[PDB]
Amino acid sequence: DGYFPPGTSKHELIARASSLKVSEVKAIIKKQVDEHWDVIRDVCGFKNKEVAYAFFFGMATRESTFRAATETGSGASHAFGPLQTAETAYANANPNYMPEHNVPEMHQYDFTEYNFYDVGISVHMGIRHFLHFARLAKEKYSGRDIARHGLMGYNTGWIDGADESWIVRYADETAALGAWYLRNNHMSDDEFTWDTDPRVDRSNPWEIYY
Ligand SMILES: OC[C@H]1O[C@@H](O[C@H]2[C@H](O)[C@@H](O)[C@H](O[C@H]3[C@H](O)[C@@H](O)[C@H](O[C@@H]4[C@@H](CO)O[C@](O)(CO)[C@H]4O)O[C@@H]3CO)O[C@@H]2CO)[C@H](O)[C@@H](O)[C@@H]1O
Ligand SMILES: OC[C@H]1O[C@@H](O[C@H]2[C@H](O)[C@@H](O)[C@H](O[C@H]3[C@H](O)[C@@H](O)[C@H](O[C@H]4[C@H](O)[C@@H](O)[C@H](O)O[C@@H]4CO)O[C@@H]3CO)O[C@@H]2CO)[C@H](O)[C@@H](O)[C@@H]1O
Ligand SMILES: [Mn+2]
């Protein structure tokens, strides 16, 4: 899963992440979806792999605008990378973080500076972390609600925490942003959208995925 060379320093990992082209970040995401398609499909029920690429492009857009060196927050809210993978995704981080032992199909990397700051590990771990919350959601939700409430867990820690406005502005927006890439033939190029971009169709945004 590691992208940059083993032993690369924090500041080099960050500089190199900031230099990745949109196309390069899309390729990292696609590789991880390819590797982990069976568990992604099993949990989320996405139609096919292409729409799963688009969903995770939607997450990259919503969380970082594809700026892979984005870093935010403190403690449980401290996140890095294109998907804003928080410390809580990682094994052997703070012992008070809620455990994520419900995704045996994906390696859970330990919390280390390489594993948190390397783009490859960060993307793998963000997918794993999302699946952790989507599986919490699947206990009570079906169809689009698995990914919709799984996203709310990803961002807030709680699948049912959020008010409708934030479900719309975070989860529905993620779905809409991801679909932009598929609908406009931007699955491999350097083009990107962004939260609230008026180019994006954000009406019935879950449609393409199922
Ligand atoms: O009560 C049960 C236990 O709770 C533990 O605290 C939880 C807390 O309740 C959750 O809200 C918090 O959730 C994190 C979540 O894990 C992260 O994925 C998320 O990451 C965000 C990321 C992606 O959107 O980007 C940010 O927005 C950038 O800032 C991140 O915020 O952040 C959520 C909010 O912090 O997780 C903690 C830890 O599991 C207590 O620690 C326990 O003592 C308690 O038993
Ligand atoms: O809270 C969830 C998540 O948020 C992440 O931060 C997001 C912001 O939520 C989101 O609003 C923000 O969107 C910006 C984007 O950064 C800009 O690049 C983009 O700029 C547009 C501009 O609005 C247009 O006028 C111009 O023509 O084009 C540019 C694009 O080239 O504007 C949007 C909307 O304001 O993106 C943030 C991510 O980059 C946090 O990072 C994350 O931690 C949170 O979990
Ligand atoms: Mn992987």
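Side chains are part of it too, since the values below use all heavy atoms of this structure and drop only hydrogens, waters and symmetry mates. Residues take their numbers from the sequence shown, with the count starting at 1.
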CG of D118 to CZ of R16, rounded to nearest 0.5 Å, is 10.0 Å

Are the side chains of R128 and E105 in touch, meaning some heavy atoms are under 4.5 Å apart?
no

Would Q84 and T70 satisfy side chain to side chain donor-acceptor pair (under 3.5 Å), going step by step from the backbone distance to the final call?
CA-CA 7 Å; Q84 295 285 271; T70 296; 5.0 Å; no

Could you check if a side-chain atom of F111 sits within less than 4.5 angstrom of a side-chain atom of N94, using non-hydrogen atoms only?
no

Joint hydrophobic cluster, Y210 plus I208, side-chain heavy atoms closer than 4.5 Å:
yes

Min side-chain heavy-atom separation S122-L83 under 4.5 Å:
no

Which distance, rounded to the nearest 0.5 Å, do you find between the CD of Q108 and the NE2 of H132?
9.5 Å

Expected output: side-chain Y97 to main-chain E87 donor-acceptor under 3.5 Å
no

Applying side chain to side chain donor-acceptor pair (under 3.5 Å), name anything that partners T156, two or more places apart in sequence or on another chain.
none

Keeping the roles fixed (side chain from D110, backbone from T112), state whether a donor-acceptor pair exists under 3.5 Å.
no

Just how far is it from atom CZ of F192 to atom CG of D189, taken to the nearest 0.5 Å?
11.0 Å

Please list all pairs meeting ring pair (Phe, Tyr, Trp, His ring centres under 6.0 Å) that have one or both residues in residues 162-190, counting only residues at least two apart or in different chains.
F57-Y181, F66-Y181, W166-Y170, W180-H186

Mind checking side chain to side chain donor-acceptor pair (under 3.5 Å) for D160 and listing every partner two or more places apart, or none if nothing turns up?
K140, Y141, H149

Who passes salt bridge (charged side-chain N to carboxylate O under 4.0 Å, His left out) against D1, sequence neighbours left out?
none

Answer whether the closest heavy-atom distance between the side chains of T85 and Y90 falls below 4.5 Å.
yes

Sequence-distant partners of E173, side chain to side chain donor-acceptor pair (under 3.5 Å), two or more places apart
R202

With a 4.5 Å heavy-atom cut-off, do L151 and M59 have their side chains touching?
yes

Minimum-distance pair of heavy atoms, taken over all atoms of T193 and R199:
CA-NH2, 3.8 Å

Is it the case that over 12 heavy atoms from other parts of the model lie below 6.0 angstrom from the CD atom of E207?
no

Atom pair CD1/CZ of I121 and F4 - distance to nearest 0.5 Å:
11.5 Å

Within the structure provided, determine whether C44 and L131 are in side-chain contact (heavy-atom separation under 4.5 Å).
yes

Could you note down all residue pairs passing salt bridge (charged side-chain N to carboxylate O under 4.0 Å, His left out) where residues 32-43 supplies at least one of them, sequence neighbours left out?
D34-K49, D38-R41

May I ask you to check whether over 12 heavy atoms, not counting those of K31, lie within 6.0 Å of atom NZ?
no

Closest heavy-atom pair and its distance - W206, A147:
CZ3-CB, 3.7 Å

Taking all non-hydrogen atoms of both residues into account, name the closest pair between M152 and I159 and its distance.
CB-O, 3.9 Å

Rounded to the nearest 0.5 Å, how far does NZ of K30 lie from OG of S23?
9.5 Å

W37 vs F46, test: side-chain contact (heavy atoms from CB on, under 4.5 Å). Steps then yes/no.
CA-CA 10 Å; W37 170 235; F46 294 143; 4.2 Å; yes

Could you list the residues that satisfy side chain to side chain donor-acceptor pair (under 3.5 Å) with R144, not counting sequence neighbours?
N204

Do you know which two heavy atoms are closest between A76 and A86, and how far apart they sit?
O-CB, 3.5 Å

Checking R148 now: which residues fulfil salt bridge (charged side-chain N to carboxylate O under 4.0 Å, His left out) with it, not counting sequence neighbours?
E164, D172

Report the C-alpha distance between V123 and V25 in whole Å, list the side-chain angles of each, state the deciding distance to 0.1 Å, and finish with yes or no for side-chain contact (heavy atoms from CB on, under 4.5 Å).
CA-CA 9 Å; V123 169; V25 180; 5.6 Å; no

Sorted by chain and number, sequence neighbours left out, ring-ring contact (aromatic ring centres under 6.0 Å, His included) with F130 holds for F55, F56

Can you find a pair of side-chain heavy atoms, one from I28 and one from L20, that are under 4.5 Å apart?
yes

Please state whether the rings of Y109 and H124 are parallel, tilted or perpendicular, taking 30° and 60° as the class boundaries.
perpendicular

Who else is in the cluster with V168 when I, L, V, M, F, W and Y are joined by side-chain contacts under 4.5 Å?
none

Euclidean distance, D145 CG relative to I167 CD1, rounded to 0.5 Å:
9.0 Å

Is the gap between the ring centers of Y117 and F80 under 6.0 Å?
yes

Which heavy atom of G81 sits nearest to which heavy atom of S64, and what is that distance?
O-CB, 4.0 Å

What heavy-atom pair brings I14 and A69 nearest, and what distance separates the two atoms?
O-CB, 3.6 Å

Check step by step if side-chain contact (heavy atoms from CB on, under 4.5 Å) holds for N115 and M125.
CA-CA 9 Å; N115 288 337; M125 290 299 290; over 6 Å; no

What residues form a ring-ring contact (aromatic ring centres under 6.0 Å, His included) with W194, not counting sequence neighbours?
none

Applying salt bridge (charged side-chain N to carboxylate O under 4.0 Å, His left out) as the test, list every pair that has at least one member in residues 51-68; sequence neighbours left out.
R62-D195

Parallel, tilted or perpendicular: ring planes of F133 versus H129, cut at 30 and 60 degrees:
perpendicular

